[PDB]
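Residue numbers (PDB author numbering), protein chains in the order written: chain D, 147 to 437; chain F, 78 to 423.
For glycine and all other residues, C-beta sits at the position ideal for the given N, C-alpha and C.
One structure is given here, and the rest of the page talks about it.
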Amino acid sequence: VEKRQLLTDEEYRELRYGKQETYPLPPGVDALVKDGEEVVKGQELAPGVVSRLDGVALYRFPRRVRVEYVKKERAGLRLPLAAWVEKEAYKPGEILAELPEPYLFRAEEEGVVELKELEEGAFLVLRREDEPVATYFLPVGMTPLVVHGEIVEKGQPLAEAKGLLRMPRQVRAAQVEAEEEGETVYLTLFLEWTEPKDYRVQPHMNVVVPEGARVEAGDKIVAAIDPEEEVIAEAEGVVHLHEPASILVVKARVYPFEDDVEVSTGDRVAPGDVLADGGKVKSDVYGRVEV
Amino acid sequence: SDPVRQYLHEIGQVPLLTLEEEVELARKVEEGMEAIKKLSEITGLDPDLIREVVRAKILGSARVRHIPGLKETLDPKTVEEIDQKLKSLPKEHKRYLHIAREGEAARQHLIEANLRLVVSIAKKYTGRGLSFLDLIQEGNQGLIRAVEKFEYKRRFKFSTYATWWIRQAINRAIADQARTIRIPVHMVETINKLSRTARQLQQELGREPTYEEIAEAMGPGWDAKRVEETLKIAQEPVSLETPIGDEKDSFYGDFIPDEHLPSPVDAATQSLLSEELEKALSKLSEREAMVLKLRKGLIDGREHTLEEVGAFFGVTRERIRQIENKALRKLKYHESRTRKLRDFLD
DNA sequence: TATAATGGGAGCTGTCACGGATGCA
DNA sequence: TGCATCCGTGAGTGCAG
């Protein structure tokens, strides 16, 4: 564009402020893409929603926040020796034993049943007086034969393995300590796995945490007007944003940082200028900053 | 081409907010104000002086003026200079530079986002002394008030609170500029109180009320005299070019004689006085027609009582008040032959 | 100072003739 | 390039009014 040229109002905003467009999704229907996400025109954004320019999408108002909470704990399982595959750990989805025929996994303590089902798989915790007595781990292929809140004596069948059986997908076998007796072995796998808990964000509320940040206990996931109805992060976990109000498909360029930033928001800049972190990150395009 | 339909278009551009974006922008503003005084107790500079500097950079250098009330003339040197000892801060303090800048920017999009509302209020306030637009600006003017004084925490939609400051500033301008002679707003206030209560009187009477029938329905402290002189200042002036006739080659102002400037009969009269009175000073004595010629003045006058008359006359104090008497006395028999001074009393 | 309120409204009519500046096959 | 076509400018004197 040349000196002494006539730009309409929109043409001025383009040159001066940047292209961008916001799109609503039918409330509840979810996002085919996710925050931070570089994407281009024509790209499907939701069932009815399709973007028309280029850029980095951005989430407006997540109605549903989910916290994959992290668990690392010991649980055991006894199996035939002629049917398990020796490995010193078990990546998710991994097959760890195959049984000639069905082999009932039986209790090895007396107690009441605290069933904790997962997507695929199960946890079984027995407990006498409220101290917990033994934590068994049924993998995929083993189908429980108890209910939550039930009584078992020693040696009655808790579940039945049938054929191949393999770790689940969400759930890890960190280390695996084995010991044999009889024609069998009983594993104490130092399992690792995470559990979803979907929180509700309200119009008078705002999630104050990025997509996929680390929280301990005590951390704050969401603010709101009165201190109650605030959502705090019960214990360790990481964050996932689902179900936004609508998504602004800006056309800009993103640049993460690690320490003190050097440019406040509002600032204009050209390529080669020093954004933040001492001099490491720097501008790509001509543009205006949004810290 | 038509200056309203134009503004009606620029407005149709910024889309209407949604309940979230209402609270989001509302939210980001309140924090940014907090962020400024927190950001002024770390540096001690000054709340306003700072806020203006946050405003400068966010809006662009397109605008800058020494904001009256801030103590430095806010030239883009003291904005770089002060954007510097500001951006000089530790990430946990210069934390709040980022907070203000973000909040100022919500201010903007919250005003721009609620302009349609003002339109549909000032729309109802026409035919009142102020042009549609003129009402709009005054309307928006208030709308600015409404953001800097909103509390999203009260859970109100923004409409509800602003629809007060808008119509507070329309009504103030409708009462502070409309009249060629400006009158205090509280006097306007009570004028319309006649207009309204007289109107019902008439609507009950089958005829217009008298002064008295007004002072009654107006209540106590209201007599017939005081409704009268109230109207006679309600009275709007009339145009000097108000057209005369039904062709138009005459102007109501032409039939108006200029009585300030002296007529030629007049200004001639003053010269045959101020000289045919110098024709009675040096005719009988010119130093007793000088001590009395400074008991007044041939131009400016010189008349107090007893104090400069006692300073430099030549003689003593109550002795010039005697040749003051023989000054006059000589002039009352002086003007019994040159009787050409009577005619000046008309 | 706090339910909520978010794009206007009247056009006006029956003259004429010339000269200059702008748009278009 | 020549020629529609629009926009802006004028449109008598004085006196009563």
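Min CB distance residue i to chain F below 8 Å
| i | result |
| --- | --- |
| D/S197 | no |
| D/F269 | no |
| D/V415 | no |
| D/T340 | no |
| D/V427 | no |
| D/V175 | no |
| D/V322 | no |
| D/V437 | yes |
CB contact below 8 Å: residue i versus chain D
| i | result |
| --- | --- |
| F/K309 | no |
| F/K226 | no |
| F/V100 | yes |
| F/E107 | no |
| F/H186 | no |
| F/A112 | no |
| F/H175 | yes |
| F/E179 | yes |
| F/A182 | yes |
| F/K234 | no |
| F/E313 | no |
| F/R104 | yes |
| F/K201 | no |
| F/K270 | no |
Local Cβ density within 10 Å of residue i, reported as buried at 16 or more and exposed below that
| i | result |
| --- | --- |
| D/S410 | buried |
| D/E389 | buried |
| F/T150 | exposed |
| D/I393 | buried |
| D/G412 | buried |
| F/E181 | buried |
| F/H175 | buried |
| F/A345 | exposed |
| F/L317 | exposed |
| F/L405 | exposed |
| F/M264 | exposed |
| D/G201 | buried |
| D/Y401 | exposed |
| D/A422 | buried |
| F/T240 | buried |
| D/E234 | exposed |
| F/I310 | exposed |
Cα-Cα separation between residue i and residue j, rounded to whole angstroms
| i | j | result |
| --- | --- | --- |
| D/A379 | F/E225 | 33 Å |
| F/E412 | F/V262 | 60 Å |
| F/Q185 | F/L308 | 45 Å |
| D/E160 | F/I88 | 18 Å |
| D/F269 | D/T289 | 11 Å |
| D/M351 | D/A370 | 5 Å |
| F/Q83 | D/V347 | 40 Å |
| F/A275 | F/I260 | 21 Å |
| D/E277 | D/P238 | 30 Å |
| F/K230 | D/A203 | 30 Å |
| D/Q151 | F/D152 | 29 Å |
| F/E107 | F/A190 | 17 Å |
| F/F227 | F/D160 | 28 Å |
| F/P124 | D/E408 | 23 Å |
| D/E167 | F/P92 | 12 Å |
| F/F209 | F/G216 | 10 Å |
Beta-carbon separation (whole angstroms), residue i vs residue j, contact threshold 8 Å
| i | j | result |
| --- | --- | --- |
| D/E240 | D/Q316 | At roughly 13 Å, the Cβ-Cβ gap does not stay under 8 Å, so D/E240 and D/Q316 are not in contact. |
| D/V354 | D/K366 | 6 Å |
| F/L116 | F/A177 | 6 Å |
| D/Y345 | D/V361 | The Cβ separation is near 12 Å, so there is no contact. |
| D/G309 | D/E232 | In fact, because the Cβ distance is near 19 Å, the residues do not count as touching under 8 Å. |
| F/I198 | F/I251 | Not confirmed; about 12 Å, so no contact. |
| F/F235 | F/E99 | 5 Å |
beta-carbon residue i near the ligand SAH non-hydrogen atom, thresh 7 Å
| i | result |
| --- | --- |
| F/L136 | As presented, the structure is devoid of all ligands, the ligand SAH included, so that no description of it is given. |
>> Against chain F, which members of the segment 348 to 365 of chain D pass a CB distance test of less than 9 Å?
In response: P349, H350, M351 and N352
>> Under 9 Å, CB to CB, which of the residues in the segment 256 to 268 of chain D have a partner in chain F?
In response: none
> Along the segment 115 to 140 of chain F, what residues have a CB closer than 7 Å to any CB found in chain D?
Replying inline: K134 and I135
> Taking a cut of 9 Å between CB atoms, which residues from the segment 386 to 398 of chain D lie near chain F?
Replying inline: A391 and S392
>> Along the segment 398 to 411 of chain D, where does the CB come closer than 9 Å to a CB of chain F? Name the residues.
In response: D405, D406, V407, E408, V409, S410 and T411
>> Can you pull out the residues from the segment 368 to 384 of chain D whose beta carbon lies closer than 8 Å to at least one beta carbon of chain F?
In response: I371
> In chain order, what residues of the segment 184 to 209 of chain D put their CB closer than 8 Å to some CB of chain F?
Replying inline: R206 and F207
> Listed in chain order, which residues of the segment 230 to 259 of chain F have Cβ atoms closer than 7 Å to some Cβ of chain D?
Replying inline: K230 and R232
> Of all the residues that make up the segment 78 to 96 of chain F, which are near chain D by a beta-carbon distance shorter than 8 Å?
Replying inline: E87, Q90, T95 and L96
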